[PDB]
Amino acid sequence: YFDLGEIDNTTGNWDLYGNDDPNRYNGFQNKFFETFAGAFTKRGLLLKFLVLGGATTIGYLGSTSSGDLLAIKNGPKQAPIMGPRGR
Amino acid sequence: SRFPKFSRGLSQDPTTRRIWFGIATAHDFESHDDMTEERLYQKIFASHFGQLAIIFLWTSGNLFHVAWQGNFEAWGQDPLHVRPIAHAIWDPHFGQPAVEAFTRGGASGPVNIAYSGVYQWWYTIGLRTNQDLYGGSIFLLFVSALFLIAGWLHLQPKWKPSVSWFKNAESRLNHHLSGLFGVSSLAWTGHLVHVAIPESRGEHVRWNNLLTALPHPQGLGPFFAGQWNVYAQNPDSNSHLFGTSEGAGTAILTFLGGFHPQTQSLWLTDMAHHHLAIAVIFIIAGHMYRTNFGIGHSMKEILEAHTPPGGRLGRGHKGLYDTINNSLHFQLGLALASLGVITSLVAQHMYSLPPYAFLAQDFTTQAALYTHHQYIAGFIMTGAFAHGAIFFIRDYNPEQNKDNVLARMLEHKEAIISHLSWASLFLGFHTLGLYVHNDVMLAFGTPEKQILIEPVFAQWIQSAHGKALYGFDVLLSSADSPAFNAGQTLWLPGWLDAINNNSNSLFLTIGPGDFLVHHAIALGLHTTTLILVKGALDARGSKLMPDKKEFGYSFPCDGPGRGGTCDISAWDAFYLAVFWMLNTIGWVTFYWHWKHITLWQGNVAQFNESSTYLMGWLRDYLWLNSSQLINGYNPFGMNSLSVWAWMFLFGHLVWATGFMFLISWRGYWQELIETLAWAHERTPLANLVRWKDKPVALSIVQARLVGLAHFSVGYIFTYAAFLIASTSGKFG
Amino acid sequence: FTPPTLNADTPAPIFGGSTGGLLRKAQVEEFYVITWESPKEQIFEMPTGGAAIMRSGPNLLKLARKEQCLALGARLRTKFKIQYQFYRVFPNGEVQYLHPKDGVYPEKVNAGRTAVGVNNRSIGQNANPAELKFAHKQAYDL
Amino acid sequence: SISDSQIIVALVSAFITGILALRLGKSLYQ
Amino acid sequence: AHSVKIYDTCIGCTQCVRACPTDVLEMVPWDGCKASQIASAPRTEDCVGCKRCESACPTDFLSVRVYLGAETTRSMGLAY
Amino acid sequence: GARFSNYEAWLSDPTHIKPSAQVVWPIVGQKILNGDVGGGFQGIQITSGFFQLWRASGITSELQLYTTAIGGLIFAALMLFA
Amino acid sequence: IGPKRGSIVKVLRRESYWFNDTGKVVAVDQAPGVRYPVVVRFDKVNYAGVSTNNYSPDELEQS
Amino acid sequence: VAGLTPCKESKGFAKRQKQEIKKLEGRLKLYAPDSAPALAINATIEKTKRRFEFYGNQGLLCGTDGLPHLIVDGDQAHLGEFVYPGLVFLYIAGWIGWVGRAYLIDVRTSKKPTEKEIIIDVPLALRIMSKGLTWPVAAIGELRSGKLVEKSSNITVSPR
Ligand code: CLA
Ligand SMILES: CC1=C(/C=C/C(C)=C/C=C/C(C)=C/C=C/C=C(C)/C=C/C=C(C)/C=C/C2=C(C)CCCC2(C)C)C(C)(C)CCC1
Ligand code: SF4
Ligand code: SF4
Ligand code: SF4
């Protein structure tokens, strides 16, 4: 099955599950998402505030956590276990 | 020009191998494209500076964690009953039993107990408070910063040194022996005398009172007047407590020998004299070669003139100076051979002659510190031999080395490989047959039918050292020898008291099990030397494949033809001998840890009856000491060894995971990844995601390396865990 | 020798479909088309895996690798007395004829082809790598 | 025990050292 | 990609070409053997590197020799 | 089972005597492997289940085991002949 | 050319399996331009299983 | 020698003789005194008592474990531990090495030398297995005459 007039159809370049419908939403739903997700578009810009915002948000709740929230900030609550040879 | 940019041939690779090999060919600077001599030596020089900066930024963080999260002052008050704290633990995955169980040493939270012997070291050297360790950490931050500045500086074109400066071996040896080994051991001596001896005697000598605290009652008067014995006049007595002024002496350079009776460790006055001796002899030995002033040696004419006239060595060492000086792999192999033989001399002389205060009493720290330098030394020695193989492929010129000793090694290389093979086979049949025989006799109810051989040669050497246990009475154990009478007023009153003690590890009482495992050790060194000498001397070629040099060093194979050429390369002999160093040092540290784990709790008869047969090794060492290892966490609860119980199981994962790369080979996984690539390319919603690197299986050399590294990580983690959990949970 | 032109009108062997066929390397990098003339309707083993009924006339088969064309081609040169040729097809539309280059198979010698990659020395007279340090040339290409 | 301000001195001097490590890694690249 | 080199020890036995699965080797005329032909590798960029030619070469030591160098999508044997 | 076992002793009471059907030769210390399996017998305790199989077959004496052994030898000669 | 047909020669070729080995000459090619005319048969095979190899007269001596 | 008491006067070696018969005597308590398995344990006890009376009479050295240790240095008291059975061994091992070497020379000068190693010629083998009795006089005799070793010009050597 080789054609020499359509090179994509004879090699497997098929949109197997694609659709050519232009739109199925309405204008009210579409204008809401592009307004809110307009500052999240650029890859270089989005990678900057996700690293800087992600480093702050793990250091905040890592430090403001309580004893019941995380056991490493609870500390010891009993007498320490003495090892052998008096150590 | 993609990653990797140093090799053009890997940048056009459209697969994942380009990502992999660029990590692994990253430091092989001479195999790079468009690559010259000057760039080679300058990149190696700046990589040395980065290595120095990493070492000093490592020590800075190992000092900062002791000064910050460790109880160095509390360990200084009582070094016998306080566990040394490495650093604090902040793990979000701990429950309350793990926080409550890892809180040791009187800390405020979960901490890690330091088994690196840094507390014993910093105590003996003079560091007492956390502020001194913090100042040392800031100082070594500055030193690593200076080495980063110097590494950046020598890559700048104004300060680039030429290859003729790099290949100046005479000036490098003179300033290494004079400066690196002489003025640093004389600097040391100035520390040990100014700081460490008065801190052992209670006097607080720091930088503020360096010029006022006189190290001797008459300082620098008897030094320049010749009467040096004033510096050995009043030594520390046997009633001296370490760090306190009571019971102390005034002499800074003694020659007592033996051990401090309270710490079971070497005397700081002896180590100060030791460093003044390996400082005078290294500054004097550093005035040997000719650099700029007419006097000295040319090592080329030393090697040219050292030819035996009978022709038994051929041309002798003619042409070897240019052979070492042009080949960086020869110098690196020589440096790693010497470094392995001295990292193993480090390991053998810090357990038997403990150099740091209260290091002999801390048992698991001593066990870690022996296993550390015996594994780092069994990877440094194998790197030496591997670099001999890389020298023989990419750096050995047979025209320049014409009938010298190095060419004559290739002339009789089958004799060396066959006689290492005979020695390895001899040691293997004999050691395995005697252990299996002793196993059969303990199995058959008759312990008396064992072939037990008393190691009378090494026992004769111990009696030559002064051990009166065996009663040989030849020299230093008999009073009629001239060596004893030359030593009995000078160093032997300390040495004989240290060696006739049976609680220390100085020249332990050896038996038939020690004989048998020393032949296991000789088997391990001989077979590792067999594979490595075989790789180094069949590096250029062999009778199966004569053009191994033209295929590089680490090539996979040569195809299924001519019978089959799997693991034919010299890298594959290095690969097969990493298993042999792991087995060798496993036998060595098994013998160390079981000879000491029976010494420390007293019953040396358990080792004397059980080490002669391998069921004693399996049952009384591998099974008996692992009682509190694998009970580090239970269904009932978890102990403080739980991290050592996970790291033990973790080792059994990674080691066994290496088997996946060492048994299963490439084309199975290549067809598997072909099916996976079809599955990703046909799955709806996932076909949209593409790869840029074509998914391939791990290549053959990479497979052997990944399985070898997994084998090594599992092997070092299974034993680091077992060894630091079967001595630190059952102290003694 | 004038190279044969790919007709792109000869039909395919009767094949039920395989999952070993053309992946996305055909779509973006290359794929290989092998064309051969058949005596009759036979059954051959597909190099992607499976069996197909080959036609009674000329046949066209699309393959992904050059090794699949020789594995098929040596199969229908020994089991069948069928002369074959294959091509290399790129996604831009260029068809690169590959084998046999002179029209006669490379096992048989032709006077038109020239010696390339041939060394006048042996393996034992190859130079050592120590005397060829830091050069583009290696021990075998000179 | 060391103080709070000494941790600030160590973290700046490590960040200065981290810059000088970054400067050598740029020069080792070139 | 891979560099396949033919040396002058070849006897023109043709079995290196017959063992080749990616059509790298061809037999060119020569004057150094009884068969009056030597192998050559014009399509060495199509070489997978399998060394089937080295397995089929009866000359000791080998006349065809494959050196595994830079590996591309030809010499990796991929279909994706 | 016929000659080197305690099958009659095990068959008298099998809850206390272990099944054993292999006697070793007293040569090199391996005679400790002839353990106390019960019934006044020394030998390797077998785990192959032949004793319970012969109890399920109704075998009461070792003469029946010897007859089955020589019959199996006859059938082995028949398989070699075939 | 060649030493002799049916003679015993020793191989001086370094990369051969039969280096310093006794071999029997079975054929010498007298055609000019042949680099390795002397065909030497050996009692032992190599790893490829063959015993027939072609050597130049410069790589052989009579023994 | 080497801090080891002799086994005839070793209290630990006599302790192991006492606790080995006592282990075997307790094995004898659950058998009839005239039974067949009791004769094997009674032969085991007499084999044990013969063994301990043989080890003490040969001047063996016993350590603190009560076990006989071998001195392999070459002591005049201890020749039968290593030196005497080592010379007995090396004579037998050199017998194996001399009749296997002389068989290969005898089959290398044959019509089909490889069929005489899978199928070993027993009349050729047994006529030199007798000849391996006097092998130190034939190995050093071949060493002095130069027939033991081969010159390196006739030895297959892998290239450098
Ligand atoms: C007196 C002058 C002087 C001194 C101090 C040095 C100093 C040094 N040079 Mg240098 N060199 C000099 C002049 C000098 N050189 C001259 C004139 C030449 C010109 C030809 C060279 C050319 C040269 C080259 C080209 C290279 C060096 C390198 C080095 C370093 C060696 C590696 C290292 O740090 O290991 C430290 C080693 C020691 C301190 C010796 C220890 C010895 C053994 C192994 C240990 C024994 C110690 C003891 C037991 C351990 C106890 C400590 C323990 C408690 C922790 C070191 C900083 C290399 C480097 O790293 O570059 C940055 C390098 O590439 N130099
Ligand atoms: C291959 C190769 C290589 C390498 C090799 C190696 C790695 C080796 C090793 C080797 C080794 C690693 C060795 C070591 C040695 C040592 C020794 C040899 C020692 C000795 C000692 C002595 C002799 C001393 C003496 C004494 C004593 C004993 C006692 C008393 C004291 C005294 C001091 C007197 C290289 C790189 C070069 C390159 C080329 C090739
Ligand atoms: S690819 Fe693997 S199996 Fe094949 S020859 Fe190379 S190492 Fe051996
Ligand atoms: S390696 Fe394989 S594809 Fe390449 S020339 Fe040899 S046989 Fe042909
Ligand atoms: S297989 Fe070897 S000998 Fe035969 S034609 Fe090819 S290169 Fe020449």
# chains A, B, ... in the order shown; residues from 1 in each chain; ligands from 1
call {"tool": "residues_around", "arguments": {"residues": "region 40-56 of chain C", "least_positions_apart": "5", "cutoff": "6 Å", "atoms": "only C-alpha atoms", "output": "PyMOL selection string"}}
result
chain C and resi 13-15+20-21+68+72
call {"tool": "write_last_selection", "arguments": {"atoms": "N, CA, C and O atoms", "output": "PDB file, in the first residue's frame"}}
result
ATOM      1  N   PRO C  13       0.883  -8.166  -0.472  1.00  0.00           N
ATOM      2  CA  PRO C  13       0.441  -9.531  -0.162  1.00  0.00           C
ATOM      3  C   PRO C  13      -0.759  -9.541   0.771  1.00  0.00           C
ATOM      4  O   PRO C  13      -0.977  -8.608   1.548  1.00  0.00           O
ATOM      5  N   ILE C  14      -1.553 -10.606   0.671  1.00  0.00           N
ATOM      6  CA  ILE C  14      -2.755 -10.738   1.493  1.00  0.00           C
ATOM      7  C   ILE C  14      -2.311 -11.059   2.917  1.00  0.00           C
ATOM      8  O   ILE C  14      -1.877 -12.176   3.210  1.00  0.00           O
ATOM      9  N   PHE C  15      -2.417 -10.075   3.802  1.00  0.00           N
ATOM     10  CA  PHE C  15      -1.955 -10.189   5.175  1.00  0.00           C
ATOM     11  C   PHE C  15      -3.058  -9.711   6.105  1.00  0.00           C
ATOM     12  O   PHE C  15      -3.698  -8.687   5.850  1.00  0.00           O
ATOM     13  N   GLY C  20       3.772  -6.040  14.596  1.00  0.00           N
ATOM     14  CA  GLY C  20       5.193  -5.863  14.398  1.00  0.00           C
ATOM     15  C   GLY C  20       5.561  -4.945  13.254  1.00  0.00           C
ATOM     16  O   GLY C  20       6.742  -4.857  12.901  1.00  0.00           O
ATOM     17  N   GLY C  21       4.588  -4.251  12.670  1.00  0.00           N
ATOM     18  CA  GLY C  21       4.827  -3.447  11.490  1.00  0.00           C
ATOM     19  C   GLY C  21       5.415  -2.073  11.743  1.00  0.00           C
ATOM     20  O   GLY C  21       6.313  -1.912  12.574  1.00  0.00           O
ATOM     21  N   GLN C  68      15.176  -6.233   8.244  1.00  0.00           N
ATOM     22  CA  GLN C  68      13.957  -6.957   7.895  1.00  0.00           C
ATOM     23  C   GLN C  68      13.867  -7.221   6.399  1.00  0.00           C
ATOM     24  O   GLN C  68      13.221  -8.188   5.980  1.00  0.00           O
ATOM     25  N   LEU C  72      13.866 -11.095   5.046  1.00  0.00           N
ATOM     26  CA  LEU C  72      12.878 -11.506   4.060  1.00  0.00           C
ATOM     27  C   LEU C  72      13.543 -11.871   2.740  1.00  0.00           C
ATOM     28  O   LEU C  72      13.184 -12.877   2.116  1.00  0.00           O
TER      29      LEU C  72
END
call {"tool": "residues_near_ligand", "arguments": {"ligand": "ligand 5", "cutoff": "9 Å", "atoms": "only C-alpha atoms and all ligand atoms", "output": "compact mmCIF listing (two decimals) with N, CA and C atoms, in the first residue's frame"}}
result
# COMPACT_ATOMS: atom_id res chain seq x y z
N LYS E 5 36.31 -2.59 8.51
CA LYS E 5 37.56 -2.51 7.77
C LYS E 5 37.93 -3.89 7.24
N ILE E 6 38.33 -3.94 5.97
CA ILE E 6 38.78 -5.16 5.32
C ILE E 6 40.29 -5.09 5.19
N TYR E 7 40.96 -6.18 5.54
CA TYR E 7 42.41 -6.24 5.51
C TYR E 7 42.86 -7.15 4.37
N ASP E 8 44.16 -7.12 4.08
CA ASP E 8 44.68 -7.78 2.89
C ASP E 8 44.88 -9.28 3.07
N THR E 9 44.51 -9.84 4.23
CA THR E 9 44.56 -11.27 4.46
C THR E 9 43.36 -12.01 3.87
N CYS E 10 42.43 -11.29 3.26
CA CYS E 10 41.20 -11.89 2.73
C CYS E 10 41.48 -12.78 1.54
N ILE E 11 40.76 -13.90 1.48
CA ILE E 11 40.90 -14.87 0.40
C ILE E 11 39.74 -14.82 -0.57
N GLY E 12 38.80 -13.88 -0.40
CA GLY E 12 37.65 -13.78 -1.28
C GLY E 12 36.67 -14.93 -1.18
N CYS E 13 36.42 -15.43 0.03
CA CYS E 13 35.56 -16.59 0.21
C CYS E 13 34.08 -16.24 0.21
N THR E 14 33.74 -14.95 0.25
CA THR E 14 32.45 -14.29 0.02
C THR E 14 31.49 -14.48 1.23
N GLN E 15 31.80 -15.37 2.19
CA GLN E 15 30.90 -15.70 3.29
C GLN E 15 30.72 -14.58 4.32
N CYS E 16 31.56 -13.54 4.28
CA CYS E 16 31.28 -12.36 5.09
C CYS E 16 30.12 -11.56 4.51
N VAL E 17 30.00 -11.53 3.18
CA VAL E 17 28.86 -10.88 2.54
C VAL E 17 27.59 -11.70 2.74
N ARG E 18 27.71 -13.03 2.67
CA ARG E 18 26.55 -13.91 2.82
C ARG E 18 26.01 -13.91 4.24
N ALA E 19 26.86 -13.65 5.23
CA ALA E 19 26.42 -13.56 6.61
C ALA E 19 25.92 -12.18 7.00
N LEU E 25 28.43 -5.36 3.22
CA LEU E 25 29.62 -5.82 2.52
C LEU E 25 29.30 -6.17 1.07
N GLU E 26 30.28 -5.92 0.20
CA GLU E 26 30.20 -6.29 -1.20
C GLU E 26 31.59 -6.73 -1.66
N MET E 27 31.62 -7.55 -2.70
CA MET E 27 32.87 -8.13 -3.19
C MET E 27 33.33 -7.34 -4.41
N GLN E 37 39.30 -11.36 -5.58
CA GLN E 37 38.26 -10.48 -5.07
C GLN E 37 38.48 -10.25 -3.58
N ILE E 38 38.17 -9.04 -3.13
CA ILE E 38 38.23 -8.69 -1.71
C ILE E 38 36.90 -8.04 -1.33
N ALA E 39 36.56 -8.13 -0.05
CA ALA E 39 35.36 -7.47 0.44
C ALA E 39 35.62 -5.98 0.63
N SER E 40 34.53 -5.22 0.72
CA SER E 40 34.59 -3.80 1.03
C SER E 40 33.30 -3.44 1.74
N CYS E 53 29.89 -11.28 10.03
CA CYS E 53 30.98 -11.41 9.07
C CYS E 53 32.25 -11.91 9.74
N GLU E 54 32.52 -11.45 10.96
CA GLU E 54 33.68 -11.93 11.70
C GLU E 54 33.50 -13.36 12.16
N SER E 55 32.25 -13.78 12.41
CA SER E 55 32.00 -15.18 12.74
C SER E 55 32.15 -16.10 11.54
N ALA E 56 31.91 -15.58 10.33
CA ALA E 56 32.00 -16.38 9.12
C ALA E 56 33.33 -16.23 8.39
N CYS E 57 34.27 -15.45 8.91
CA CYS E 57 35.55 -15.27 8.24
C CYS E 57 36.49 -16.40 8.64
N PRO E 58 36.97 -17.21 7.70
CA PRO E 58 37.88 -18.31 8.03
C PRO E 58 39.34 -17.92 8.13
N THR E 59 39.68 -16.66 7.89
CA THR E 59 41.07 -16.24 7.91
C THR E 59 41.49 -15.96 9.35
N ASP E 60 42.67 -16.46 9.74
CA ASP E 60 43.26 -16.24 11.05
C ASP E 60 44.49 -15.35 10.92
N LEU E 62 41.29 -12.27 11.55
CA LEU E 62 40.16 -11.94 10.69
C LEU E 62 40.52 -10.87 9.67
N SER E 63 39.92 -10.98 8.50
CA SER E 63 40.13 -10.01 7.44
C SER E 63 39.08 -8.91 7.49
N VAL E 64 37.82 -9.28 7.67
CA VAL E 64 36.79 -8.31 8.00
C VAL E 64 36.84 -8.04 9.49
N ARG E 65 36.75 -6.76 9.86
CA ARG E 65 36.82 -6.39 11.27
C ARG E 65 35.90 -5.21 11.50
call {"tool": "interface_residues", "arguments": {"of": "chain G", "to": "chain H", "cutoff": "10 Å", "atoms": "only C-alpha atoms", "output": "ChimeraX atom specification"}}
result
/G:10-11,13-22,43-44,63
call {"tool": "write_last_selection", "arguments": {"atoms": "N, CA, C and O atoms", "output": "compact mmCIF listing (two decimals), in the first residue's frame"}}
result
# COMPACT_ATOMS: atom_id res chain seq x y z
N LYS G 10 57.25 -22.83 10.49
CA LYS G 10 56.85 -22.22 11.75
C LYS G 10 56.37 -20.80 11.47
O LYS G 10 57.06 -20.04 10.79
N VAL G 11 55.21 -20.46 12.01
CA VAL G 11 54.57 -19.18 11.71
C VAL G 11 55.17 -18.09 12.57
O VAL G 11 55.28 -18.23 13.80
N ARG G 13 53.82 -14.95 12.28
CA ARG G 13 52.76 -13.95 12.36
C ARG G 13 52.25 -13.86 13.79
O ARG G 13 51.86 -14.87 14.38
N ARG G 14 52.24 -12.64 14.33
CA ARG G 14 51.94 -12.44 15.75
C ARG G 14 50.47 -12.67 16.06
O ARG G 14 50.12 -13.20 17.12
N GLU G 15 49.58 -12.27 15.14
CA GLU G 15 48.15 -12.29 15.41
C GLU G 15 47.48 -13.61 15.02
O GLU G 15 46.26 -13.73 15.18
N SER G 16 48.23 -14.58 14.52
CA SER G 16 47.64 -15.88 14.20
C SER G 16 47.53 -16.73 15.46
O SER G 16 48.23 -16.52 16.45
N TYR G 17 46.61 -17.70 15.42
CA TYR G 17 46.49 -18.64 16.53
C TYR G 17 47.68 -19.59 16.57
O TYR G 17 48.09 -20.04 17.65
N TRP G 18 48.27 -19.88 15.41
CA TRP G 18 49.34 -20.86 15.30
C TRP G 18 50.71 -20.20 15.28
O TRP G 18 51.61 -20.66 14.57
N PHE G 19 50.88 -19.11 16.03
CA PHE G 19 52.19 -18.50 16.18
C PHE G 19 53.11 -19.42 16.97
O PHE G 19 52.70 -19.97 18.00
N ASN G 20 54.34 -19.58 16.47
CA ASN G 20 55.35 -20.54 16.97
C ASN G 20 54.81 -21.97 17.00
O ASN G 20 55.05 -22.73 17.95
N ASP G 21 54.07 -22.35 15.96
CA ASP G 21 53.49 -23.68 15.86
C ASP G 21 53.91 -24.34 14.55
O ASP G 21 54.09 -23.67 13.53
N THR G 22 54.05 -25.66 14.61
CA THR G 22 54.46 -26.44 13.45
C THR G 22 53.28 -26.61 12.50
O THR G 22 52.20 -27.07 12.90
N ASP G 43 47.65 -29.20 12.43
CA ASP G 43 47.02 -30.35 13.06
C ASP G 43 45.94 -29.94 14.05
O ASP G 43 45.02 -30.72 14.32
N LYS G 44 46.02 -28.72 14.59
CA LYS G 44 45.06 -28.22 15.55
C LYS G 44 44.26 -27.07 14.94
O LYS G 44 44.79 -26.29 14.14
N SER G 63 61.38 -25.15 9.62
CA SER G 63 61.76 -25.78 10.87
C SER G 63 61.48 -27.28 10.82
O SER G 63 61.50 -27.89 9.75
call {"tool": "residues_near_ligand", "arguments": {"ligand": "ligand 4", "cutoff": "6 Å", "atoms": "only C-alpha atoms and all ligand atoms", "output": "mmCIF file with N, CA and C atoms, in the first residue's frame"}}
result
data_model
loop_
_atom_site.group_PDB
_atom_site.id
_atom_site.type_symbol
_atom_site.label_atom_id
_atom_site.label_comp_id
_atom_site.auth_asym_id
_atom_site.auth_seq_id
_atom_site.Cartn_x
_atom_site.Cartn_y
_atom_site.Cartn_z
ATOM 1 N N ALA E 19 26.857 -13.646 5.230
ATOM 2 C CA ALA E 19 26.417 -13.561 6.614
ATOM 3 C C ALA E 19 25.920 -12.176 6.996
ATOM 4 N N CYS E 20 26.058 -11.190 6.118
ATOM 5 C CA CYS E 20 25.687 -9.820 6.448
ATOM 6 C C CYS E 20 24.173 -9.656 6.406
ATOM 7 N N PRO E 21 23.534 -9.222 7.491
ATOM 8 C CA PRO E 21 22.074 -9.047 7.491
ATOM 9 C C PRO E 21 21.582 -7.639 7.185
ATOM 10 N N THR E 22 22.469 -6.673 6.920
ATOM 11 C CA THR E 22 22.057 -5.317 6.564
ATOM 12 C C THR E 22 22.766 -4.808 5.313
ATOM 13 N N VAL E 24 25.872 -4.570 4.120
ATOM 14 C CA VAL E 24 27.012 -3.665 4.212
ATOM 15 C C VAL E 24 28.113 -4.076 3.251
ATOM 16 N N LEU E 25 28.435 -5.359 3.220
ATOM 17 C CA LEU E 25 29.617 -5.815 2.516
ATOM 18 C C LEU E 25 29.303 -6.168 1.071
ATOM 19 N N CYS E 47 25.565 -0.492 9.100
ATOM 20 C CA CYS E 47 26.062 -1.620 9.877
ATOM 21 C C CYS E 47 25.465 -1.604 11.273
ATOM 22 N N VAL E 48 24.774 -2.684 11.638
ATOM 23 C CA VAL E 48 24.294 -2.817 13.008
ATOM 24 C C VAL E 48 25.448 -3.086 13.964
ATOM 25 N N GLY E 49 26.496 -3.759 13.502
ATOM 26 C CA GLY E 49 27.602 -4.146 14.351
ATOM 27 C C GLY E 49 27.542 -5.563 14.871
ATOM 28 N N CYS E 50 26.777 -6.444 14.221
ATOM 29 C CA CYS E 50 26.499 -7.773 14.756
ATOM 30 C C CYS E 50 27.691 -8.716 14.671
ATOM 31 N N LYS E 51 28.676 -8.404 13.815
ATOM 32 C CA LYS E 51 29.895 -9.198 13.591
ATOM 33 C C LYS E 51 29.583 -10.633 13.167
ATOM 34 N N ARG E 52 28.532 -10.793 12.355
ATOM 35 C CA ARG E 52 28.289 -12.068 11.691
ATOM 36 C C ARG E 52 29.339 -12.341 10.627
ATOM 37 N N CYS E 53 29.888 -11.281 10.032
ATOM 38 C CA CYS E 53 30.975 -11.414 9.071
ATOM 39 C C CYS E 53 32.252 -11.906 9.736
ATOM 40 N N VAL E 66 35.003 -5.349 12.469
ATOM 41 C CA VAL E 66 33.994 -4.344 12.777
ATOM 42 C C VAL E 66 34.372 -3.690 14.094
#
call {"tool": "atom_distance", "arguments": {"atom1": "CA of residue 84 (chain B)", "atom2": "CA of residue 207 (chain B)"}}
result
26.5 Å
call {"tool": "residues_near_ligand", "arguments": {"ligand": "ligand 3", "cutoff": "9 Å", "atoms": "only C-alpha atoms and all ligand atoms", "output": "list in words"}}
result
residues 556, 557, 558, 559, 560, 561, 564, 565, 566, 567, 568, 665, 666, 667, 700 and 701 of chain B; 50 of chain E
call {"tool": "residues_near_ligand", "arguments": {"ligand": "ligand 2", "cutoff": "9 Å", "atoms": "only C-alpha atoms and all ligand atoms", "output": "number ranges by chain"}}
result
B: 324, 329-341, 381-392, 396, 406, 409, 529, 532-537
call {"tool": "atom_distance", "arguments": {"atom1": "CA of residue 320 (chain B)", "atom2": "CA of residue 569 (chain B)"}}
result
25.4 Å
call {"tool": "atom_distance", "arguments": {"atom1": "CA of residue 18 (chain A)", "atom2": "CA of residue 689 (chain B)"}}
result
14.8 Å
call {"tool": "select_by_dssp", "arguments": {"residues": "region 13-142 of chain C", "states": "strand (DSSP E)", "output": "PyMOL selection string"}}
result
chain C and resi 31-37+42-45+51-54+58-63+84-89+95-99
call {"tool": "interface_residues", "arguments": {"of": "chain B", "to": "chain H", "cutoff": "7 Å", "atoms": "only C-alpha atoms", "output": "PyMOL selection string"}}
result
chain B and resi 410+448+452-454+456+469-472+540-543+546+605+609
call {"tool": "residues_around", "arguments": {"residues": "residue 131 (chain H)", "least_positions_apart": "5", "cutoff": "10 Å", "atoms": "only C-alpha atoms", "output": "list in words"}}
result
residues 95, 98, 99, 102, 125, 126 and 138 of chain H
call {"tool": "write_last_selection", "arguments": {"atoms": "C-alpha atoms", "output": "compact mmCIF listing (two decimals), in the first residue's frame"}}
result
# COMPACT_ATOMS: atom_id res chain seq x y z
CA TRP H 95 52.97 -39.98 39.95
CA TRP H 98 54.17 -37.89 35.39
CA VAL H 99 51.95 -40.58 33.88
CA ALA H 102 54.08 -39.20 29.53
CA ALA H 125 48.34 -46.14 29.78
CA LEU H 126 49.05 -49.11 32.07
CA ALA H 138 62.79 -39.27 35.65
call {"tool": "residues_around", "arguments": {"residues": "residue 27 (chain C)", "least_positions_apart": "6", "cutoff": "12 Å", "atoms": "only C-alpha atoms", "output": "PyMOL selection string"}}
result
(chain A and resi 7-14) or (chain B and resi 681) or (chain C and resi 64+89-93) or (chain E and resi 79-80)
call {"tool": "interface_residues", "arguments": {"of": "chain D", "to": "chain B", "cutoff": "6 Å", "atoms": "only C-alpha atoms", "output": "list in words"}}
result
residues 1, 2, 17, 20 and 24 of chain D
call {"tool": "residues_near_ligand", "arguments": {"ligand": "ligand 1", "cutoff": "7 Å", "atoms": "only C-alpha atoms and all ligand atoms", "output": "list in words"}}
result
residues 44, 45, 46, 48, 49, 52, 165, 166, 167, 168, 169, 171, 172, 175, 176, 178, 179, 180, 181 and 339 of chain B
call {"tool": "closest_atom_pairs", "arguments": {"of": "chain B", "to": "chain E", "cutoff": "8 Å", "atoms": "only C-alpha atoms", "output": "Markdown table"}}
result
| residue | atom | partner | partner_atom | distance |
| --- | --- | --- | --- | --- |
| B:9 | CA | E:70 | CA | 4.7 |
| B:10 | CA | E:70 | CA | 6.3 |
| B:12 | CA | E:72 | CA | 6.5 |
| B:13 | CA | E:72 | CA | 4.9 |
| B:14 | CA | E:72 | CA | 6.3 |
| B:15 | CA | E:73 | CA | 7.8 |
| B:551 | CA | E:67 | CA | 6.5 |
| B:558 | CA | E:51 | CA | 7.5 |
| B:559 | CA | E:51 | CA | 5.8 |
| B:560 | CA | E:55 | CA | 6.8 |
| B:561 | CA | E:55 | CA | 3.9 |
| B:562 | CA | E:55 | CA | 6.5 |
| B:674 | CA | E:80 | CA | 7.9 |
| B:677 | CA | E:80 | CA | 7.0 |
| B:678 | CA | E:80 | CA | 7.7 |
| B:694 | CA | E:80 | CA | 7.4 |
